[PDB]
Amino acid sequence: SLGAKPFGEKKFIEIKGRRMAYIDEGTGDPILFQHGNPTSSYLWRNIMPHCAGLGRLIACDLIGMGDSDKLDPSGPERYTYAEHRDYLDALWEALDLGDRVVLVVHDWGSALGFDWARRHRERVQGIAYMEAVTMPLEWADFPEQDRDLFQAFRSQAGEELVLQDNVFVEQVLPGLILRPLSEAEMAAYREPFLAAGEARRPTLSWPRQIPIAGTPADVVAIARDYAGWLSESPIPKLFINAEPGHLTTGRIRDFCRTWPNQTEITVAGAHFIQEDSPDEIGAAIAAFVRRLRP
């Protein structure tokens, strides 16, 4: 069902001198849910229940997001993809995930998860993905209605938009969910970002990291690497397509539709499709996992 209540209890662990927050419920091989910008583990709260009894249900808060510690000192050079990856790699190492992991990814969680899977292919039993960065992008491949705003994020105007005015949380997030969010739901999403300034840096650093037209070069290369790998990997996949969808449409969807050993379903939603179709998404993931774990 829908609902504003989080799934399970937030747990905390020290990683590289910072406390990171995560949900970890049940036993067995992990089903690892990874949020992106500007969300947290909370994104998966109505989806994870569908996987009850199918394994160890884990959802981590990326550094500086959800209930994880902020970087200190934060600034324009902090919260890059590389920095997030260092923290997340270390957290996933600390969690003792074993060698039959099912990844469930969205948004920046997909760039991070796809890359981790490429670097740990023997440990990945399956990958479920939705509204994901499936390859390096050109401006044409980026949603037309968001070009101006994201170009502004990736300019000097970004600090006022995001650090001062919290545009990613307050405008982009509900703007890309079809159903109206409740007071409690928005409260959960804005909680890590209540204070103006550096507390909101992760939500600005992320759009500045999107591999678009060759920039930034490091993330472009990482996405190029996982795009090539995923297009060849026989690891079972679940592509949750969305209608109308948002990011994973056009060329980037045409591309991920070439990936081998892939099941696809379509659900209602724009970008943050977890808020529109959590039960359809959860049921699909549960069926995927059941087939992977007979």
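Don't overthink the numbering: it's just position in the shown sequence, from 1.
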| item | value |
| --- | --- |
| Stretch with the greater mean C-alpha B-factor as recorded in the entry, comparing 109 to 117 against 73 to 81 | 73 to 81 |
| Residue range whose averaged C-alpha B-factor is higher in the record, 93 to 101 or 143 to 151 | 143 to 151 |
| Third of the chain's Cα B-factor distribution that residue 165 belongs to, per the entry | lowest |
| Third assignment of residue 136 from its chain's C-alpha B-factors | highest |
| Ranked against its chain, the third holding the CA B-factor of residue 37 | lowest |
| Record-listed C-alpha B factor of residue 253: chain third | middle |
| Residue 281 - which third its CA temperature factor falls in, relative to the rest of the chain | middle |
